[PDB]
Structure formats: C-alpha cells, structure tokens
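Student: Experimental structure below, sequence on top.
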Amino acid sequence: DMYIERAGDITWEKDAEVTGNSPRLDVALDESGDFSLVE
Amino acid sequence: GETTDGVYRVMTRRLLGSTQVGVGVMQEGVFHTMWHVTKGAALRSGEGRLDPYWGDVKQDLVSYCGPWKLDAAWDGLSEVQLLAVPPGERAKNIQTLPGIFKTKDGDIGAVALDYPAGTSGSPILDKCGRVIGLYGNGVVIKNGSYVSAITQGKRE
Ligand SMILES: COc1ccc(-c2ccccc2C(=O)Nc2cnn(C)c2)cn1
C-alpha cells in the first residue's frame, strides 16, 4: 500500500552541479511504453 | 491529506522496511507520477486517499484527484534541471543540456543522468521553475548508463 511524503519545493536553483552529456539517439516506443534503441 | 504544491516521494511498506518506488509532482491539487511507479494503484497521504483520475501505459503517466495539469515544454535549446529525489537522500537539483530521442512520431528531449530506479517521477524544470516533464522512462545505452525521455502529458 503506497503513501507519499513531501521532499521539497519545485525551484530552479542558480549554481547547481552542472553534469550529463546531450546524446542524439534513434529510439522506438512499443505499446507497453518501453523505449528501445533502433540501430 | 497534504495538498501543498511541490515534489513528493512515493513509498511502500509491502517490501522490507519503507521502500521508495518513485517520486511525483503535486500541482493545483493533482498528483502527477509515472505509471510504472504506482501501476495505477491508489495512494495514501496521511489519512487522505488519492484515487487515479487519468493514466496511459504508453505515455507511462498517471494523475491523481484530477486531470494532468503540467503543460510546459523543453524549448529545444536551454539547459534544464533534474530535481532528483533519490531513495534516502535529500532533494538535489542537477543542471544539464538535454539530448534528443529521435522517433517515427517525432523528437523528444532526453536527460543522460544515472540514478536509482526509485528516482522515477522526479520533475525536470525550465529556467522559470515550470515542470516540463518527468524523469524515469528511457533506455540503457552503448555504455550501460541510463538516458531518460523528458516525458510530458497533455493538459485539456
Ligand atoms: C534493468 O535495469 C535498469 C535499472 C534501473 C533503471 C531506471 C533508471 C532510472 C530511472 C528509471 C529506471 C527504471 O526502472 N525505469 C523503468 C521503466 N519501466 N520500468 C518497468 C522501469 C532502468 N533499468
């Protein structure tokens, strides 16, 4: 049985940790809502 | 029940201890998460009950108490922030430039940040603090890391 707890406000924060790349990927979306790589 | 706007943890006691299965966004009295986190089950907030209102396994979204409210979109240029809420760890903003999921039905923003499965439902923000989508549905890549769509619903 699932419950929710508040974890914070939704705010943009100036000077957060800036990380991650920006990959361009060919993907398929099936009827179950699973993405997959089309190569 | 607590109906204040903000980000929330989704928890179960059906396993060992209290386990975090995902995250969601309360806005305008509606709770928003990803389908794979709740499987469309009802939710408790204190003594209050949240019943599902709208959902779609293919979009992998679900709303509680009311229709989908989040209509903001990635502009396809500007950096964004993943307001990650990992299991047992404080809310933390992580700023990134999204890549692109190319599909037959069109292009979608993607964020390449690696967090436990229980972080599914964490919101992605634009510069004005508006939710442009939820983190937690995408693909495992050549490397082995995770890339998530920026998944957004339609507002009617
Ligand atoms: C199999 O290895 C893993 C481990 C973890 C993840 C993962 C990582 C970040 C955010 C969400 C997820 C996640 O679980 N998404 C998802 C979508 N649909 N279902 C059923 C689960 C994906 N793959």
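Tutor: It's in. Numbering: from 1, shown residues only, chains lettered A, B, ... in the order given.

Student: What is the neighbour count of residue B:97?
Tutor: By the criterion of other Cβ atoms under 10 Å in any protein chain shown, residue B:97 has 15 neighbours. Backbone N, C-alpha and C define where each C-beta goes, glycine included.

Student: wait, what's in contact with it?
Tutor: Residues near residue B:97 by Cβ atoms under 8 Å, 6 or more residues apart in numbering or on different chains: A:20, A:22, B:79-80.

Student: how near is the nearest residue to residue B:107 once chain neighbours are set aside to residue B:144?
Tutor: Nearest non-adjacent residue to residue B:107, counting by Cβ to Cβ, 6 or more residues apart in numbering or on different chains: residue B:100, 5.2 Å away. According to Cβ to Cβ, to the nearest Å, residue B:100 stands 20 Å off from residue B:144.

Student: Kindly report the same for residue A:36.
Tutor: 15 Å.

Student: Neighbour count: these two, which is higher?
Tutor: Taking other Cβ under 10 Å, residue A:36 and residue B:144 do not tie; residue A:36 has more neighbours (12 against 7).

Student: Relative to residue B:146, how far out is the closest residue to the ligand within chain A?
Tutor: Relative to the ligand, the nearest point of chain A is residue A:34 (6.5 Å; Cβ to the nearest ligand atom). Applying Cβ to Cβ, the value for residue A:34 to residue B:146 is 13 Å.

Student: Map the structural domains onto the sequence of chain B.
Tutor: Following automatic domain parsing, chain B resolves into domains at B:6-64, B:80-149.

Student: re earlier: quick check on the contacts of residue B:97: which are buried?
Tutor: A:20, B:80 (16 or more other Cβ atoms under 10 Å in any protein chain shown).

Student: Show me the contacts of residue B:97 that map onto strands.
Tutor: For the contacts of residue B:97, the ones inside strands are residue B:80, with DSSP state E as the criterion.

Student: so which of the contacts of residue B:97 also contact the ligand?
Tutor: Among these, no residue sits close to the ligand (Cβ under 6 Å from any ligand atom).

Student: Distance to residue B:34 for the contacts of residue B:97 - can I get that in TSV?
Tutor: Output for the contacts of residue B:97, formatted as TSV (distance: Cβ to Cβ, whole Å):
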residue	distance to residue B:34
A:20	20
A:22	22
B:79	23
B:80	17
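
Student: so which two of the contacts of residue B:97 are the farthest from each other?
Tutor: Using Cβ to Cβ, the contacts of residue B:97 span at most 10.8 Å, a distance reached by A:22 and B:80.

Student: Mind listing the shared neighbours of those two?
Tutor: B:96-98.

Student: tell me the contacts of the residue nearest in space to the middle of chain A?
Tutor: Nearest to the mean C-alpha position of chain A, by Cα atoms, centre = their mean, lies residue A:20 at 11.8 Å. By Cβ under 8 Å, 6+ apart, the contact set of residue A:20 is B:94, B:96-97, B:111-113.

Student: hmm, the lengthiest strand in chain B in reach of the ligand?
Tutor: The longest strand of chain B (DSSP E) is strand B:19-27. No. On the criterion Cβ under 6 Å from any ligand atom, strand B:19-27 is out of touch with the ligand, staying 8.3 Å away.
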